[PDB]
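The structure under discussion appears below in the form of structure tokens.
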Amino acid sequence: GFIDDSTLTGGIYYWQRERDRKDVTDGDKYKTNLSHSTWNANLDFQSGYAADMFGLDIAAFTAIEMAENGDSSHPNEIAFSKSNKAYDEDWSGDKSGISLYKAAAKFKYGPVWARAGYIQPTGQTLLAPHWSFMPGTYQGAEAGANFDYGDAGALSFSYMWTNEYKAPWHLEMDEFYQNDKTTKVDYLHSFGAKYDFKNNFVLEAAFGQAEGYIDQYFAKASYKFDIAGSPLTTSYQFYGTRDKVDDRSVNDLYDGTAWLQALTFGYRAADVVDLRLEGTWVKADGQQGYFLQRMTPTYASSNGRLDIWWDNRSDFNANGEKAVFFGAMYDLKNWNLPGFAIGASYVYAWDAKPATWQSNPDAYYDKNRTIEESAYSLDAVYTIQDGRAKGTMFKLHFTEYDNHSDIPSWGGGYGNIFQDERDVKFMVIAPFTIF
Ligand SMILES: CCCCCCCCOCCOCCOCCOCCO
Ligand SMILES: [Mg+2]
Ligand SMILES: [Mg+2]
Ligand SMILES: [Mg+2]
């Protein structure tokens, strides 16, 4: 029951990074952009259900700075921002702290479930937290249902409503606003569904809104089949967004519907190497000039579901842009190094356009330009196989990112693109169980 089925788990985390970026307004100096060493640690209590109907979850984490270079930018998203509320953010520093990231009543009744309080989305909608080591947190509620039809498939759906949020690098919640940071968005809500036909074919879709401002869409089809005894997995994904401000004010983001479509393939070869081939295509006409999967435009103010992630620094999400990604991860078990893996990946993207109009354009703004970007990354991972520290993981990731233009960072009507970088991340993740 509620006591007997309780669990208490957590982890200790270590992160060290060095990233530099080209300033094409001072020669082309690769200047320090991030340089810090930071710890996290968390405790997560999840109760059982009294009478199979009522429970409680409570979880908290701390972040402790260890080193930071004076030229490191802020916030680094592993420590806490010195600005506790997202809409106060002024980019001037980072700090240590303790955050309550889960605190919720949970309910079950037949096929129905619900959660309320300080929560993460967990069902079928398109709301989502940001993830660092730990997730961001919404103030609100979600309810959903699950119906199993045996071999004929299974249906799930849910609805969530929220009026405040905090990213994992913010110690306090803030409300929602339009692009101007002052016109109120009273709530975000979303409804979605999933149908699993139990033949490896699965459909998902969802709709969301930011009150008075943005309508958001999500749809995904996936399928897998065996090729030579091993599954090839495929998916088609659609993300869309439309706004309700088209007067050419600061709050006017998109002309028409903006969207991102994607195709993915995955396959494990010779039972030893995981291969990925993926591509994306974006349309984002209007003042902003890039696609967002979240329903509020300001950095850190909320997040939305996005199943595409290439860990190659850029978002590759500019108006018109096409991108293709290839990744390989090689399991070294047959060299008798079980738990050891090495990888490499590459991206090439073309046809990236800027915003279609600008109110105070800069020297470099050219409505009809197109640009390109590319990147490649290397990866090394080791997970402890047995003993006291079984499952503790060490990871090293290197990216080299190349902007194929001379436009300075964030300039030219390309408001989400920055300049060439080199990035190195080292992390350690050490989970534990108390009971
Ligand atoms: C201009 C709309 C484009 C939508 C693209 C297709 C996305 C497929 O999934 C969307 C599922 O959403 C269902 C719509 O929900 C109701 C919308 O109407 C509500 C008020 O306008
Ligand atoms: Mg295989
Ligand atoms: Mg081999
Ligand atoms: Mg370059």
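Numbers here are sequence positions counted from 1. Read the numbers this way: they start at 1 and go in the same order the structure lists the ligands and their atoms. Values below: every heavy atom of this structure, side chains too, minus hydrogens, waters and symmetry copies.
- In terms of protein heavy-atom proximity, atom 18 (O) of ligand 1 is nearest to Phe207 CZ, 4.6 Å.
- Protein heavy atom closest to atom 21 (O) of ligand 1, with residue, atom name and distance, is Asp215 OD2, 4.5 Å.
- Scanning the protein heavy atoms around atom 10 (C) of ligand 1, the nearest turns out to be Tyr217 CD2, 3.8 Å.
- What sits closest to atom 9 (O) of ligand 1 on the protein, heavy atoms only, is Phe218 O, 3.8 Å.
- Using a distance-only test at 3.5 Å, with no hydrogens or angles considered, a donor-acceptor pair links the side chain of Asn319 to the main chain of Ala284.
- From the protein, the heavy atom lying nearest to atom 11 (C) of ligand 1 is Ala206 O, 4.3 Å.
- Under 2.8 Å from the Mg ion (ligand 4) lies an N/O/S atom of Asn403, whether from backbone or side chain.
- Under the 3.5 Å distance criterion, the side-chain polar atoms of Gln287 are matched with a main-chain donor or acceptor of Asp252.
- Between the side chains of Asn312 and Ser377, at least one donor-acceptor pair of N or O atoms lies under 3.5 Å.
- For the side chain to side chain donor-acceptor pair (under 3.5 Å) criterion with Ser249, the lone passing option out of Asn251, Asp246, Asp247 is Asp247.
- A donor-acceptor contact shorter than 3.5 Å links the side chain of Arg369 to the backbone of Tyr364.
- Looking only at heavy atoms of the protein, atom 1 (C) of ligand 1 is closest to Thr257 OG1, 3.9 Å.
- At a cut-off of 3.5 Å, with distance as the only test, a side-chain donor of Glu142 or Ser158 sits close to an acceptor on the other residue.
- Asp420 contributes OD2 as its N, O or S atom closest to the Mg ion (ligand 4).
- No donor-acceptor pair closer than 3.5 Å links the side chain of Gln120 to the backbone N or O of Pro135.
- In terms of protein heavy-atom proximity, atom 8 (C) of ligand 1 is closest to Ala219 CB, 4.0 Å.
- Between the Mg ion (ligand 4) and the N, O or S atoms of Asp402, the shortest distance is to OD1.
- If you look at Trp259 and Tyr239, their ring centroids are not closer than 6.0 Å.
- Using a 4.0 Å cut-off to heavy atoms of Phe238, the atoms of ligand 1 that qualify are 5 (C), 7 (C).
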